[PDB]
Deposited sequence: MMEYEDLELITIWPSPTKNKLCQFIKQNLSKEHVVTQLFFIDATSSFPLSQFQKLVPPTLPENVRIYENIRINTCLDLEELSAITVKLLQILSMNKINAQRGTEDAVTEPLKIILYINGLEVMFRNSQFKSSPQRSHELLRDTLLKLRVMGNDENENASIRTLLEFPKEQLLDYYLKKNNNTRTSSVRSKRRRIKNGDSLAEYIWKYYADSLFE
């Protein structure tokens, strides 16, 4: 997938480490734009060894790439909300200080974990409301017409959390999983 073809929020089920590396590589090497990756994860599971094999930091054409990848470990929806605030700050400042194009890829893995933790610390109502507010915010952010700075959001989920998707092709459950809920009510598309 190329940045200019990304939807506001895209679900990516169970990407291989090599395909994720390839995605990062081809998108952050694009010329005449400044592309950044914010990798937000509940586990610190960025595939660093594989990334260094496929994108060696000793090759000059890759230095730029390592400069523009940002790592965060995010344990709950409150922290994700705060990260979203920081990203909005960056974007807003970039647009203001512009009145070169900045392209941000927000990649979130483990969102179902962050949700579960949040709804142990507070009500299901509170966590649904925080999830809602964050995702709707990210969509409006990604939808901004401003050319100088943009954001696109990718959500990684294990494929077992998206059976409703695979069933549509073509079990009893106790409600939707977070991934299915987002697939139905918040994401623009799902990419194999």
Counting from 1 along the deposited sequence, which stretches lack C-alpha positions?
-> 1, 101 to 108, 180 to 192
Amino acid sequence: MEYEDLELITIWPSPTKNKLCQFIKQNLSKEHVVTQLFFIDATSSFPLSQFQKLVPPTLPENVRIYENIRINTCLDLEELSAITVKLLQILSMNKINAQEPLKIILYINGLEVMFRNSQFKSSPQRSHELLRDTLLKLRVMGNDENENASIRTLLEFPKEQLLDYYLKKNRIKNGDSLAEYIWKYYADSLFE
From here on, numbers count along this sequence of modelled residues.
So 172 to 180 or 8 to 16, which one's hotter by mean CA B-factor in the entry?
-> 172 to 180
Of 86 to 94 and 112 to 120, which one has the bigger average CA B-factor?
-> 112 to 120
Per the coordinate record, which of the options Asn143, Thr35, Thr58, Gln161 holds the highest CA temperature factor?
-> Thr58
Criterion, highest CA B-factor; candidates, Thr153, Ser45, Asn68, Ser150 = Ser45
Sort the modelled residues of this chain by their C-alpha B factor and say whether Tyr166 lands in the lowest, middle or highest third.
-> highest
What third of its chain's C-alpha B-factors does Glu129 belong to: lowest, middle or highest?
-> middle
Classify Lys53 as lowest, middle or highest third according to the C-alpha B-factor given in the PDB entry, relative to its own chain.
-> middle
